[PDB]
file target_8.pdb (PDB, C-alpha atoms)
ATOM      1  CA  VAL A   1      98.250  84.986 139.276  1.00  0.00           C
ATOM      2  CA  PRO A   2      96.829  86.799 142.339  1.00  0.00           C
ATOM      3  CA  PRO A   3      94.934  90.034 141.874  1.00  0.00           C
ATOM      4  CA  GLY A   4      96.823  93.293 142.537  1.00  0.00           C
ATOM      5  CA  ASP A   5      95.371  95.857 144.960  1.00  0.00           C
ATOM      6  CA  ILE A   6      92.900  98.675 144.490  1.00  0.00           C
ATOM      7  CA  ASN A   7      92.832 102.141 146.017  1.00  0.00           C
ATOM      8  CA  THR A   8      89.545 103.501 147.252  1.00  0.00           C
ATOM      9  CA  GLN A   9      88.543 106.964 148.359  1.00  0.00           C
ATOM     10  CA  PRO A  10      87.636 107.125 151.064  1.00  0.00           C
ATOM     11  CA  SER A  11      90.220 104.564 152.177  1.00  0.00           C
ATOM     12  CA  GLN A  12      89.073 102.847 155.402  1.00  0.00           C
ATOM     13  CA  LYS A  13      85.394 103.626 155.897  1.00  0.00           C
ATOM     14  CA  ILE A  14      82.509 105.811 154.749  1.00  0.00           C
ATOM     15  CA  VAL A  15      80.636 108.233 157.012  1.00  0.00           C
ATOM     16  CA  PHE A  16      77.105 109.435 156.504  1.00  0.00           C
ATOM     17  CA  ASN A  17      75.812 112.579 158.122  1.00  0.00           C
ATOM     18  CA  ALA A  18      72.564 113.242 159.901  1.00  0.00           C
ATOM     19  CA  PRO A  19      69.883 114.345 159.213  1.00  0.00           C
ATOM     20  CA  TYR A  20      68.486 111.012 158.050  1.00  0.00           C
ATOM     21  CA  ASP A  21      65.048 112.380 157.165  1.00  0.00           C
ATOM     22  CA  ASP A  22      66.067 112.547 153.510  1.00  0.00           C
ATOM     23  CA  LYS A  23      67.876 110.188 151.151  1.00  0.00           C
ATOM     24  CA  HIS A  24      71.582 110.833 150.665  1.00  0.00           C
ATOM     25  CA  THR A  25      73.952 109.552 147.990  1.00  0.00           C
ATOM     26  CA  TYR A  26      77.679 109.365 148.697  1.00  0.00           C
ATOM     27  CA  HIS A  27      80.409 108.170 146.364  1.00  0.00           C
ATOM     28  CA  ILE A  28      83.498 106.025 146.376  1.00  0.00           C
ATOM     29  CA  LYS A  29      86.302 106.277 143.903  1.00  0.00           C
ATOM     30  CA  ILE A  30      87.656 102.771 143.107  1.00  0.00           C
ATOM     31  CA  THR A  31      90.981 102.670 141.309  1.00  0.00           C
ATOM     32  CA  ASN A  32      92.856  99.680 140.071  1.00  0.00           C
ATOM     33  CA  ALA A  33      96.314  99.955 141.556  1.00  0.00           C
ATOM     34  CA  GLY A  34      97.582  96.772 139.905  1.00  0.00           C
ATOM     35  CA  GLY A  35      99.335  95.649 136.701  1.00  0.00           C
ATOM     36  CA  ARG A  36      96.534  93.608 135.100  1.00  0.00           C
ATOM     37  CA  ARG A  37      92.933  94.281 134.125  1.00  0.00           C
ATOM     38  CA  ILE A  38      90.428  93.413 136.875  1.00  0.00           C
ATOM     39  CA  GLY A  39      86.702  92.682 137.192  1.00  0.00           C
ATOM     40  CA  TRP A  40      85.078  93.920 140.390  1.00  0.00           C
ATOM     41  CA  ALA A  41      81.760  93.644 142.222  1.00  0.00           C
ATOM     42  CA  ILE A  42      80.157  95.423 145.176  1.00  0.00           C
ATOM     43  CA  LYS A  43      77.766  94.413 147.944  1.00  0.00           C
ATOM     44  CA  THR A  44      76.287  96.260 150.949  1.00  0.00           C
ATOM     45  CA  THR A  45      74.810  94.834 154.177  1.00  0.00           C
ATOM     46  CA  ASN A  46      71.471  96.621 154.453  1.00  0.00           C
ATOM     47  CA  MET A  47      69.687  96.586 151.197  1.00  0.00           C
ATOM     48  CA  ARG A  48      66.401  98.055 152.350  1.00  0.00           C
ATOM     49  CA  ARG A  49      68.353 101.177 153.381  1.00  0.00           C
ATOM     50  CA  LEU A  50      71.616 101.143 151.428  1.00  0.00           C
ATOM     51  CA  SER A  51      72.353 100.786 147.697  1.00  0.00           C
ATOM     52  CA  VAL A  52      75.156 100.506 145.248  1.00  0.00           C
ATOM     53  CA  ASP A  53      75.362 101.561 141.604  1.00  0.00           C
ATOM     54  CA  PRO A  54      76.999 100.291 139.472  1.00  0.00           C
ATOM     55  CA  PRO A  55      77.144  96.871 141.194  1.00  0.00           C
ATOM     56  CA  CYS A  56      80.141  95.711 139.139  1.00  0.00           C
ATOM     57  CA  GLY A  57      82.504  96.614 136.337  1.00  0.00           C
ATOM     58  CA  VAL A  58      85.928  96.217 134.750  1.00  0.00           C
ATOM     59  CA  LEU A  59      88.978  98.327 135.351  1.00  0.00           C
ATOM     60  CA  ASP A  60      92.225  98.515 133.408  1.00  0.00           C
ATOM     61  CA  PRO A  61      95.438  99.314 135.302  1.00  0.00           C
ATOM     62  CA  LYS A  62      95.383 102.834 136.722  1.00  0.00           C
ATOM     63  CA  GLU A  63      91.746 103.226 135.521  1.00  0.00           C
ATOM     64  CA  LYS A  64      89.104 104.577 137.981  1.00  0.00           C
ATOM     65  CA  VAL A  65      85.388 104.415 138.553  1.00  0.00           C
ATOM     66  CA  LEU A  66      83.116 106.514 140.642  1.00  0.00           C
ATOM     67  CA  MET A  67      80.517 104.566 142.461  1.00  0.00           C
ATOM     68  CA  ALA A  68      77.342 105.752 144.173  1.00  0.00           C
ATOM     69  CA  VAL A  69      76.388 104.510 147.619  1.00  0.00           C
ATOM     70  CA  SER A  70      72.892 105.583 148.535  1.00  0.00           C
ATOM     71  CA  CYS A  71      71.282 105.711 151.963  1.00  0.00           C
ATOM     72  CA  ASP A  72      67.507 106.106 152.338  1.00  0.00           C
ATOM     73  CA  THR A  73      65.621 107.856 155.156  1.00  0.00           C
ATOM     74  CA  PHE A  74      65.374 105.973 158.464  1.00  0.00           C
ATOM     75  CA  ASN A  75      64.891 106.791 162.147  1.00  0.00           C
ATOM     76  CA  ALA A  76      68.405 106.986 163.520  1.00  0.00           C
ATOM     77  CA  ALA A  77      67.003 106.992 167.048  1.00  0.00           C
ATOM     78  CA  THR A  78      65.173 103.748 166.655  1.00  0.00           C
ATOM     79  CA  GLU A  79      66.658 101.482 163.976  1.00  0.00           C
ATOM     80  CA  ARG A  80      69.881  99.564 163.337  1.00  0.00           C
ATOM     81  CA  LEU A  81      73.016 101.660 163.029  1.00  0.00           C
ATOM     82  CA  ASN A  82      75.690  99.160 163.736  1.00  0.00           C
ATOM     83  CA  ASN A  83      77.028  96.484 161.481  1.00  0.00           C
ATOM     84  CA  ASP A  84      76.832  98.033 158.059  1.00  0.00           C
ATOM     85  CA  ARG A  85      79.615  97.925 155.537  1.00  0.00           C
ATOM     86  CA  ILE A  86      80.347  97.906 151.848  1.00  0.00           C
ATOM     87  CA  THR A  87      82.323  95.045 150.383  1.00  0.00           C
ATOM     88  CA  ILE A  88      84.367  95.160 147.207  1.00  0.00           C
ATOM     89  CA  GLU A  89      85.486  91.984 145.449  1.00  0.00           C
ATOM     90  CA  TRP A  90      87.785  91.787 142.476  1.00  0.00           C
ATOM     91  CA  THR A  91      89.846  89.275 140.525  1.00  0.00           C
ATOM     92  CA  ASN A  92      92.093  89.389 137.482  1.00  0.00           C
ATOM     93  CA  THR A  93      90.180  89.080 134.263  1.00  0.00           C
ATOM     94  CA  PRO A  94      90.972  86.020 132.095  1.00  0.00           C
ATOM     95  CA  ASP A  95      93.391  86.268 129.144  1.00  0.00           C
ATOM     96  CA  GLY A  96      91.756  88.019 126.128  1.00  0.00           C
ATOM     97  CA  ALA A  97      88.661  88.986 128.076  1.00  0.00           C
ATOM     98  CA  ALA A  98      86.420  91.765 126.883  1.00  0.00           C
ATOM     99  CA  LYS A  99      85.650  94.776 129.076  1.00  0.00           C
ATOM    100  CA  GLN A 100      82.133  93.715 130.086  1.00  0.00           C
ATOM    101  CA  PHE A 101      81.794  92.208 133.590  1.00  0.00           C
ATOM    102  CA  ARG A 102      81.216  88.402 133.615  1.00  0.00           C
ATOM    103  CA  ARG A 103      80.144  86.647 136.905  1.00  0.00           C
ATOM    104  CA  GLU A 104      81.910  83.443 135.792  1.00  0.00           C
ATOM    105  CA  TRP A 105      85.213  85.131 136.326  1.00  0.00           C
ATOM    106  CA  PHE A 106      84.509  84.813 140.020  1.00  0.00           C
ATOM    107  CA  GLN A 107      83.374  81.235 139.945  1.00  0.00           C
ATOM    108  CA  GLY A 108      85.906  79.023 138.249  1.00  0.00           C
ATOM    109  CA  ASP A 109      89.264  78.186 139.793  1.00  0.00           C
ATOM    110  CA  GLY A 110      91.061  81.290 140.886  1.00  0.00           C
ATOM    111  CA  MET A 111      91.598  83.997 143.449  1.00  0.00           C
ATOM    112  CA  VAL A 112      89.283  86.661 144.765  1.00  0.00           C
ATOM    113  CA  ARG A 113      90.400  89.584 146.797  1.00  0.00           C
ATOM    114  CA  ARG A 114      88.230  91.756 148.988  1.00  0.00           C
ATOM    115  CA  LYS A 115      88.146  95.038 150.898  1.00  0.00           C
ATOM    116  CA  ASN A 116      85.507  96.223 153.341  1.00  0.00           C
ATOM    117  CA  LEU A 117      84.513  99.803 154.017  1.00  0.00           C
ATOM    118  CA  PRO A 118      82.446  99.888 157.172  1.00  0.00           C
ATOM    119  CA  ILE A 119      79.610 102.468 157.253  1.00  0.00           C
ATOM    120  CA  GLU A 120      79.474 104.930 160.170  1.00  0.00           C
ATOM    121  CA  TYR A 121      76.370 106.976 160.899  1.00  0.00           C
ATOM    122  CA  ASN A 122      77.381 110.420 162.211  1.00  0.00           C
ATOM    123  CA  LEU A 123      74.386 111.371 164.342  1.00  0.00           C
TER
END

call {"tool": "encode", "arguments": {"input": "target_8.pdb", "output": "structure tokens"}}
result
Amino acid sequence: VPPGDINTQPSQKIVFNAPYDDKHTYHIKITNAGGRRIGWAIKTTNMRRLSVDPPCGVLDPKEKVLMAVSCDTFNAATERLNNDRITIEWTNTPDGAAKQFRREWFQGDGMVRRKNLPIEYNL
């Protein structure tokens, strides 16, 4: 069956504040707003600058995880600011699955749901 939804905080996007002369580490609360257990994974678009940790996990119904999105120093006057975003994928976990993330959940026949959280740089 299709995966239920998640809630994230923040909900629509993530904003990083100048100054960018130091590394900053923001968070994201991901909550599983559905009726079944889900496995989830995270990407970002700019991996020399931006990071994610942990890059995946499992989440029972109503269960939450706090996730760290890091942003390294960079010259905000000079470098790319524009098409960055975080991407969360999840799917329902197979029947009788353990609570350790398995990439092959994402690969066989099934459904994958995603949500993007664009990054904004507040200069």

call {"tool": "atom_distance", "arguments": {"input": "target_8.pdb", "atom1": "atom CA of residue A:63", "atom2": "atom CA of residue A:105"}}
result
19.3 Å

call {"tool": "closest_residue", "arguments": {"input": "target_8.pdb", "among": "A:123, A:15, A:58, A:86", "to": "residue A:36", "atoms": "only C-alpha atoms"}}
result
A:58

call {"tool": "closest_residue", "arguments": {"input": "target_8.pdb", "among": "A:85, A:37, A:48, A:29", "to": "residue A:73", "atoms": "all atoms listed in the file"}}
result
A:48

call {"tool": "residues_around", "arguments": {"input": "target_8.pdb", "residues": "stretch 17-26 of chain A", "least_positions_apart": "4", "cutoff": "6 Å", "atoms": "only C-alpha atoms", "output": "list in words"}}
result
residues 68, 69, 70, 71, 72, 73, 74, 122 and 123 of chain A

call {"tool": "closest_residue", "arguments": {"input": "target_8.pdb", "among": "A:78, A:113, A:64, A:57", "to": "residue A:40", "atoms": "all atoms listed in the file"}}
result
A:57

call {"tool": "resolve_selection", "arguments": {"input": "target_8.pdb", "expression": "the PyMOL selection byres ((chain A and resi 12-14) around 8)", "output": "PyMOL selection string"}}
result
chain A and resi 10-11+15-16+116-120

call {"tool": "atom_distance", "arguments": {"input": "target_8.pdb", "atom1": "atom CA of residue A:4", "atom2": "atom CA of residue A:33"}}
result
6.8 Å

call {"tool": "resolve_selection", "arguments": {"input": "target_8.pdb", "expression": "the PyMOL selection byres ((chain A and resi 42) around 9)", "output": "PyMOL selection string"}}
result
chain A and resi 40-41+43-44+52-56+86-90

call {"tool": "closest_residue", "arguments": {"input": "target_8.pdb", "among": "A:67, A:97, A:111, A:47", "to": "residue A:84", "atoms": "all atoms listed in the file"}}
result
A:47

call {"tool": "atom_distance", "arguments": {"input": "target_8.pdb", "atom1": "atom CA of residue A:81", "atom2": "atom CA of residue A:112"}}
result
28.7 Å

call {"tool": "closest_residue", "arguments": {"input": "target_8.pdb", "among": "A:60, A:50, A:91, A:66", "to": "residue A:114", "atoms": "only C-alpha atoms"}}
result
A:91

call {"tool": "residues_around", "arguments": {"input": "target_8.pdb", "residues": "residue A:34", "least_positions_apart": "3", "cutoff": "7 Å", "atoms": "only C-alpha atoms", "output": "number ranges by chain"}}
result
A: 4-6, 61

call {"tool": "closest_residue", "arguments": {"input": "target_8.pdb", "among": "A:83, A:75, A:92, A:51", "to": "residue A:38", "atoms": "all atoms listed in the file"}}
result
A:92

call {"tool": "resolve_selection", "arguments": {"input": "target_8.pdb", "expression": "the PyMOL selection byres ((chain A and resi 7) around 6)", "output": "PyMOL selection string"}}
result
chain A and resi 6+8+30-31
